[PDB]
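*Asks:* mmCIF, N, CA and C atoms, file structure04.cif:
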data_upload
loop_
_atom_site.label_atom_id
_atom_site.label_comp_id
_atom_site.auth_asym_id
_atom_site.auth_seq_id
_atom_site.Cartn_x
_atom_site.Cartn_y
_atom_site.Cartn_z
N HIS A 1 0.82 -1.27 0.00
CA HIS A 1 0.00 0.00 0.00
C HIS A 1 0.83 1.28 0.00
N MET A 2 0.84 2.02 -1.14
CA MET A 2 1.61 3.24 -1.27
C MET A 2 0.69 4.44 -1.10
N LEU A 3 1.10 5.41 -0.25
CA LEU A 3 0.38 6.64 0.00
C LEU A 3 0.66 7.67 -1.09
N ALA A 4 -0.31 8.58 -1.34
CA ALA A 4 -0.16 9.66 -2.29
C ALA A 4 0.87 10.69 -1.86
N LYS A 5 1.57 11.31 -2.84
CA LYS A 5 2.69 12.18 -2.60
C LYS A 5 2.42 13.50 -3.28
N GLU A 6 2.82 14.60 -2.62
CA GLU A 6 2.85 15.94 -3.14
C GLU A 6 4.29 16.40 -3.04
N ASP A 7 4.76 17.29 -3.94
CA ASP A 7 6.16 17.63 -3.99
C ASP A 7 6.43 18.80 -3.09
N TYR A 8 7.64 18.90 -2.54
CA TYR A 8 8.03 19.90 -1.56
C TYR A 8 7.96 21.34 -2.01
N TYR A 9 7.93 21.53 -3.32
CA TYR A 9 7.90 22.76 -4.05
C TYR A 9 6.56 23.39 -3.86
N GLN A 10 5.55 22.51 -3.93
CA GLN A 10 4.14 22.79 -4.01
C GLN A 10 3.63 23.17 -2.65
N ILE A 11 4.25 22.53 -1.64
CA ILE A 11 4.08 22.69 -0.23
C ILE A 11 4.44 24.10 0.14
N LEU A 12 5.55 24.56 -0.45
CA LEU A 12 6.20 25.79 -0.19
C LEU A 12 5.71 26.89 -1.12
N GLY A 13 5.02 26.54 -2.23
CA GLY A 13 4.58 27.54 -3.20
C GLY A 13 5.73 28.09 -4.01
N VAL A 14 6.81 27.29 -4.12
CA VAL A 14 8.05 27.69 -4.75
C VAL A 14 8.10 27.04 -6.13
N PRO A 15 8.80 27.60 -7.10
CA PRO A 15 8.90 27.05 -8.43
C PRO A 15 9.74 25.81 -8.47
N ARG A 16 9.62 25.10 -9.60
CA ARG A 16 10.38 23.93 -9.98
C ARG A 16 11.86 24.26 -10.14
N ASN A 17 12.18 25.54 -10.43
CA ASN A 17 13.50 26.03 -10.71
C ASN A 17 14.00 26.90 -9.57
N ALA A 18 13.37 26.76 -8.38
CA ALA A 18 13.74 27.48 -7.17
C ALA A 18 15.17 27.31 -6.74
N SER A 19 15.67 28.39 -6.13
CA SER A 19 17.03 28.46 -5.63
C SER A 19 16.83 28.42 -4.16
N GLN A 20 17.82 28.00 -3.38
CA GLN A 20 17.54 27.64 -2.00
C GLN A 20 17.22 28.85 -1.14
N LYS A 21 17.71 30.04 -1.54
CA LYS A 21 17.33 31.33 -0.99
C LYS A 21 15.84 31.61 -1.18
N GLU A 22 15.24 31.22 -2.33
CA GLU A 22 13.82 31.37 -2.64
C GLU A 22 12.98 30.55 -1.70
N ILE A 23 13.47 29.32 -1.44
CA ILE A 23 12.92 28.40 -0.54
C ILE A 23 12.94 28.87 0.88
N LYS A 24 14.01 29.59 1.25
CA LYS A 24 14.11 30.19 2.58
C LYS A 24 13.03 31.22 2.83
N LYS A 25 12.67 32.04 1.81
CA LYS A 25 11.70 33.02 1.80
C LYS A 25 10.29 32.54 1.94
N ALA A 26 9.91 31.49 1.17
CA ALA A 26 8.62 30.86 1.32
C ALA A 26 8.44 30.22 2.67
N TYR A 27 9.50 29.58 3.21
CA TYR A 27 9.43 28.85 4.45
C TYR A 27 8.93 29.71 5.60
N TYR A 28 9.34 30.99 5.69
CA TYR A 28 8.95 31.89 6.75
C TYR A 28 7.45 32.16 6.70
N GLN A 29 7.03 32.42 5.47
CA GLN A 29 5.83 33.02 4.97
C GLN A 29 4.63 32.14 5.24
N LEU A 30 4.85 30.87 4.92
CA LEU A 30 4.06 29.69 5.10
C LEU A 30 4.03 29.12 6.47
N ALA A 31 5.19 29.14 7.14
CA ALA A 31 5.31 28.60 8.50
C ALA A 31 4.37 29.27 9.47
N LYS A 32 4.16 30.58 9.29
CA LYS A 32 3.20 31.43 9.96
C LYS A 32 1.76 30.99 9.74
N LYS A 33 1.42 30.53 8.51
CA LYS A 33 0.13 30.17 8.05
C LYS A 33 -0.37 28.98 8.82
N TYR A 34 0.56 28.04 9.05
CA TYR A 34 0.32 26.75 9.51
C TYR A 34 0.83 26.47 10.93
N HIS A 35 1.38 27.46 11.66
CA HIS A 35 1.82 27.32 13.06
C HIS A 35 0.65 27.48 14.04
N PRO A 36 0.61 26.97 15.28
CA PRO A 36 -0.41 27.39 16.26
C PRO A 36 -0.29 28.88 16.59
N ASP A 37 -1.37 29.64 16.84
CA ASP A 37 -2.74 29.31 17.20
C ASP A 37 -3.69 28.84 16.10
N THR A 38 -3.27 28.72 14.82
CA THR A 38 -4.15 28.46 13.66
C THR A 38 -4.76 27.07 13.70
N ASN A 39 -4.09 26.21 14.49
CA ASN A 39 -3.79 24.83 14.20
C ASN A 39 -4.79 24.00 14.97
N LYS A 40 -5.46 24.76 15.84
CA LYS A 40 -6.62 24.55 16.62
C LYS A 40 -7.85 24.39 15.75
N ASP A 41 -7.96 25.25 14.72
CA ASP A 41 -9.11 25.38 13.85
C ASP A 41 -8.96 24.73 12.49
N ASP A 42 -7.88 23.96 12.28
CA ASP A 42 -7.77 23.08 11.17
C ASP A 42 -6.97 21.93 11.73
N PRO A 43 -7.45 20.72 11.77
CA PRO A 43 -6.60 19.55 11.89
C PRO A 43 -5.69 19.35 10.70
N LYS A 44 -5.91 20.05 9.56
CA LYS A 44 -5.03 19.86 8.42
C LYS A 44 -3.77 20.70 8.54
N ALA A 45 -3.80 21.85 9.26
CA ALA A 45 -2.73 22.83 9.31
C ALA A 45 -1.42 22.27 9.86
N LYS A 46 -1.51 21.42 10.91
CA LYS A 46 -0.37 20.74 11.49
C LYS A 46 0.29 19.75 10.54
N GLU A 47 -0.50 19.10 9.65
CA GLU A 47 -0.03 18.19 8.61
C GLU A 47 0.75 18.94 7.54
N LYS A 48 0.23 20.10 7.11
CA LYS A 48 0.73 21.03 6.19
C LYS A 48 2.05 21.65 6.61
N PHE A 49 2.15 22.10 7.88
CA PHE A 49 3.35 22.58 8.57
C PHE A 49 4.43 21.52 8.63
N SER A 50 4.02 20.25 8.83
CA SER A 50 4.92 19.12 8.89
C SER A 50 5.56 18.90 7.55
N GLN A 51 4.84 19.11 6.41
CA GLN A 51 5.42 19.10 5.17
C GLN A 51 6.38 20.24 5.02
N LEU A 52 6.04 21.47 5.48
CA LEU A 52 6.75 22.63 5.24
C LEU A 52 8.18 22.56 5.74
N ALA A 53 8.40 22.01 6.97
CA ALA A 53 9.74 21.74 7.45
C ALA A 53 10.47 20.70 6.63
N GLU A 54 9.83 19.57 6.28
CA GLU A 54 10.44 18.49 5.54
C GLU A 54 10.80 18.94 4.14
N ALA A 55 9.86 19.67 3.51
CA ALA A 55 9.97 20.25 2.21
C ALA A 55 11.06 21.26 2.10
N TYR A 56 11.10 22.21 3.05
CA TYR A 56 12.12 23.25 3.12
C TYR A 56 13.47 22.72 3.24
N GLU A 57 13.55 21.87 4.23
CA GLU A 57 14.80 21.34 4.72
C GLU A 57 15.57 20.60 3.64
N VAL A 58 14.88 19.77 2.81
CA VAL A 58 15.42 19.09 1.64
C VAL A 58 15.75 20.07 0.55
N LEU A 59 14.84 21.01 0.24
CA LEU A 59 14.95 21.86 -0.93
C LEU A 59 15.90 23.01 -0.71
N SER A 60 16.38 23.08 0.53
CA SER A 60 17.23 24.12 1.07
C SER A 60 18.62 23.78 0.66
N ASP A 61 18.83 22.56 0.10
CA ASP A 61 20.15 22.30 -0.46
C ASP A 61 20.10 22.20 -1.94
N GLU A 62 21.21 22.59 -2.55
CA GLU A 62 21.58 22.31 -3.91
C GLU A 62 21.66 20.80 -4.12
N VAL A 63 22.14 20.01 -3.13
CA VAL A 63 22.31 18.57 -3.30
C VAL A 63 21.02 17.82 -3.11
N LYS A 64 20.40 18.07 -1.95
CA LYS A 64 19.18 17.47 -1.47
C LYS A 64 18.00 17.81 -2.31
N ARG A 65 17.86 19.09 -2.74
CA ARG A 65 16.77 19.43 -3.64
C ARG A 65 16.84 18.62 -4.93
N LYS A 66 18.03 18.55 -5.53
CA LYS A 66 18.37 17.89 -6.72
C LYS A 66 18.26 16.39 -6.70
N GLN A 67 18.75 15.71 -5.63
CA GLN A 67 18.57 14.28 -5.45
C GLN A 67 17.11 13.90 -5.31
N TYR A 68 16.31 14.63 -4.50
CA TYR A 68 14.89 14.36 -4.41
C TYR A 68 14.12 14.66 -5.68
N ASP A 69 14.49 15.71 -6.45
CA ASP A 69 13.92 15.96 -7.76
C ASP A 69 14.19 14.82 -8.74
N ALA A 70 15.31 14.09 -8.57
CA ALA A 70 15.78 13.07 -9.48
C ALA A 70 15.07 11.78 -9.17
N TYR A 71 14.97 11.50 -7.86
CA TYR A 71 14.43 10.29 -7.30
C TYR A 71 12.91 10.31 -7.18
N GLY A 72 12.27 11.49 -7.26
CA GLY A 72 10.82 11.62 -7.33
C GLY A 72 10.30 11.61 -8.74
N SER A 73 11.18 11.48 -9.75
CA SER A 73 10.80 11.49 -11.16
C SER A 73 9.89 10.31 -11.59
#
Could I get this file's structure written as structure tokens?
*Replies:*
Amino acid sequence: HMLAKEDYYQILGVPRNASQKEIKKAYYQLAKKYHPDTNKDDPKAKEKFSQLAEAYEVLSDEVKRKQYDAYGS
């Protein structure tokens, strides 16, 4: 049983051709959206925030962004 996947780019609202500085910028912007006190009024917001760290953190590298882009193909 394989679960459905969304890409880290999409999570972050960042382009396919994003540079890791771009990713740093979205991460702030979004992290606010999905942090508590919001998180009370959406059970989805905490799930979304959980992507945002995982998504950022990978895409925040030249290496890691690229390896995941290659391996998610």
*Asks:* Spell out the residues picked by the PyMOL selection byres (((chain A and resi 49 and name CA) around 9) and name CA) here, as a VMD selection string.
*Replies:* chain A and resid 11 30 to 35 44 to 48 50 to 54
*Asks:* Atom CA of residue A:10 and atom CA of residue A:25, how far apart in Å?
*Replies:* 14.0 Å
*Asks:* Near residue A:8, within 10 Å and counting only C-alpha atoms, which residues show up once chain neighbours fewer than 3 positions away are dropped, as number ranges by chain?
*Replies:* A: 5, 11-16, 23, 51-59, 65, 68-69
*Asks:* Atom N of residue A:17 to atom N of residue A:29: how many Å, to one decimal?
*Replies:*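 Rounded to one decimal, the two atoms are 18.1 Å apart.
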*Asks:* Work out how far atom C of residue A:72 is from atom C of residue A:7, in Å to one decimal.
*Replies:*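 Computed distance, atom C of residue A:7 to atom C of residue A:72, equals 9.9 Å.
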*Asks:* What box, with edges along x, y and z, holds each listed atom of stretch 46-58 of chain A when 5 Å is added on every side, and can you state its centre and edge lengths in Å to one decimal, as lines of an AutoDock Vina configuration file?
*Replies:*
center_x = 7.1
center_y = 20.7
center_z = 6.0
size_x = 27.3
size_y = 15.1
size_z = 20.9
*Asks:* If you run DSSP on this backbone, which residues of chain A come out as alpha helix (DSSP H), and could you give them as number ranges by chain?
*Replies:* A: 8-12, 20-34, 45-59, 62-71
*Asks:* Only N, CA, C and O atoms, as a PDB file, in the first residue's frame: that is what I want for stretch 48-66 of chain A.
*Replies:*
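File written: part.pdb
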ATOM      1  N   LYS A  48       0.225  20.101   7.107  1.00  0.00           N
ATOM      2  CA  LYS A  48       0.730  21.026   6.187  1.00  0.00           C
ATOM      3  C   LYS A  48       2.046  21.646   6.615  1.00  0.00           C
ATOM      4  O   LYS A  48       3.015  21.591   5.871  1.00  0.00           O
ATOM      5  N   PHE A  49       2.149  22.104   7.877  1.00  0.00           N
ATOM      6  CA  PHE A  49       3.349  22.581   8.572  1.00  0.00           C
ATOM      7  C   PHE A  49       4.426  21.518   8.629  1.00  0.00           C
ATOM      8  O   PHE A  49       5.619  21.802   8.526  1.00  0.00           O
ATOM      9  N   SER A  50       4.022  20.252   8.826  1.00  0.00           N
ATOM     10  CA  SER A  50       4.919  19.122   8.891  1.00  0.00           C
ATOM     11  C   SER A  50       5.562  18.904   7.551  1.00  0.00           C
ATOM     12  O   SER A  50       6.748  18.582   7.489  1.00  0.00           O
ATOM     13  N   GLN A  51       4.842  19.112   6.408  1.00  0.00           N
ATOM     14  CA  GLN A  51       5.423  19.096   5.166  1.00  0.00           C
ATOM     15  C   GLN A  51       6.381  20.240   5.018  1.00  0.00           C
ATOM     16  O   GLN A  51       7.452  20.029   4.477  1.00  0.00           O
ATOM     17  N   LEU A  52       6.043  21.470   5.479  1.00  0.00           N
ATOM     18  CA  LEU A  52       6.746  22.628   5.236  1.00  0.00           C
ATOM     19  C   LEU A  52       8.176  22.556   5.744  1.00  0.00           C
ATOM     20  O   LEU A  52       9.092  22.938   5.024  1.00  0.00           O
ATOM     21  N   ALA A  53       8.402  22.011   6.966  1.00  0.00           N
ATOM     22  CA  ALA A  53       9.743  21.744   7.453  1.00  0.00           C
ATOM     23  C   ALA A  53      10.468  20.704   6.631  1.00  0.00           C
ATOM     24  O   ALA A  53      11.598  20.944   6.232  1.00  0.00           O
ATOM     25  N   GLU A  54       9.827  19.572   6.278  1.00  0.00           N
ATOM     26  CA  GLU A  54      10.443  18.487   5.536  1.00  0.00           C
ATOM     27  C   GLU A  54      10.796  18.937   4.135  1.00  0.00           C
ATOM     28  O   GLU A  54      11.886  18.682   3.626  1.00  0.00           O
ATOM     29  N   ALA A  55       9.855  19.673   3.508  1.00  0.00           N
ATOM     30  CA  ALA A  55       9.970  20.250   2.210  1.00  0.00           C
ATOM     31  C   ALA A  55      11.060  21.262   2.103  1.00  0.00           C
ATOM     32  O   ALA A  55      11.916  21.163   1.237  1.00  0.00           O
ATOM     33  N   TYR A  56      11.101  22.209   3.052  1.00  0.00           N
ATOM     34  CA  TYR A  56      12.119  23.250   3.116  1.00  0.00           C
ATOM     35  C   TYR A  56      13.468  22.724   3.241  1.00  0.00           C
ATOM     36  O   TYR A  56      14.376  23.037   2.492  1.00  0.00           O
ATOM     37  N   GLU A  57      13.546  21.866   4.231  1.00  0.00           N
ATOM     38  CA  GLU A  57      14.798  21.342   4.716  1.00  0.00           C
ATOM     39  C   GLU A  57      15.569  20.599   3.637  1.00  0.00           C
ATOM     40  O   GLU A  57      16.766  20.825   3.498  1.00  0.00           O
ATOM     41  N   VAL A  58      14.885  19.769   2.813  1.00  0.00           N
ATOM     42  CA  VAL A  58      15.415  19.086   1.645  1.00  0.00           C
ATOM     43  C   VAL A  58      15.753  20.071   0.548  1.00  0.00           C
ATOM     44  O   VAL A  58      16.842  20.081  -0.016  1.00  0.00           O
ATOM     45  N   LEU A  59      14.845  21.011   0.239  1.00  0.00           N
ATOM     46  CA  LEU A  59      14.953  21.860  -0.932  1.00  0.00           C
ATOM     47  C   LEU A  59      15.899  23.005  -0.711  1.00  0.00           C
ATOM     48  O   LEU A  59      16.192  23.819  -1.580  1.00  0.00           O
ATOM     49  N   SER A  60      16.379  23.084   0.535  1.00  0.00           N
ATOM     50  CA  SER A  60      17.228  24.121   1.071  1.00  0.00           C
ATOM     51  C   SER A  60      18.622  23.778   0.660  1.00  0.00           C
ATOM     52  O   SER A  60      19.531  24.589   0.827  1.00  0.00           O
ATOM     53  N   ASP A  61      18.835  22.560   0.103  1.00  0.00           N
ATOM     54  CA  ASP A  61      20.147  22.302  -0.457  1.00  0.00           C
ATOM     55  C   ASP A  61      20.095  22.202  -1.942  1.00  0.00           C
ATOM     56  O   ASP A  61      19.157  21.677  -2.517  1.00  0.00           O
ATOM     57  N   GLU A  62      21.214  22.594  -2.548  1.00  0.00           N
ATOM     58  CA  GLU A  62      21.579  22.307  -3.908  1.00  0.00           C
ATOM     59  C   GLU A  62      21.658  20.804  -4.124  1.00  0.00           C
ATOM     60  O   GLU A  62      21.340  20.340  -5.207  1.00  0.00           O
ATOM     61  N   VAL A  63      22.145  20.013  -3.127  1.00  0.00           N
ATOM     62  CA  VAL A  63      22.310  18.574  -3.296  1.00  0.00           C
ATOM     63  C   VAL A  63      21.017  17.819  -3.106  1.00  0.00           C
ATOM     64  O   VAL A  63      20.560  17.038  -3.935  1.00  0.00           O
ATOM     65  N   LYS A  64      20.398  18.074  -1.945  1.00  0.00           N
ATOM     66  CA  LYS A  64      19.181  17.467  -1.469  1.00  0.00           C
ATOM     67  C   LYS A  64      17.997  17.809  -2.310  1.00  0.00           C
ATOM     68  O   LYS A  64      17.215  16.920  -2.642  1.00  0.00           O
ATOM     69  N   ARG A  65      17.860  19.093  -2.735  1.00  0.00           N
ATOM     70  CA  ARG A  65      16.769  19.432  -3.638  1.00  0.00           C
ATOM     71  C   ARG A  65      16.835  18.619  -4.927  1.00  0.00           C
ATOM     72  O   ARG A  65      15.862  18.010  -5.370  1.00  0.00           O
ATOM     73  N   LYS A  66      18.035  18.550  -5.525  1.00  0.00           N
ATOM     74  CA  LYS A  66      18.373  17.891  -6.719  1.00  0.00           C
ATOM     75  C   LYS A  66      18.265  16.385  -6.702  1.00  0.00           C
ATOM     76  O   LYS A  66      17.715  15.797  -7.630  1.00  0.00           O
TER      77      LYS A  66
END
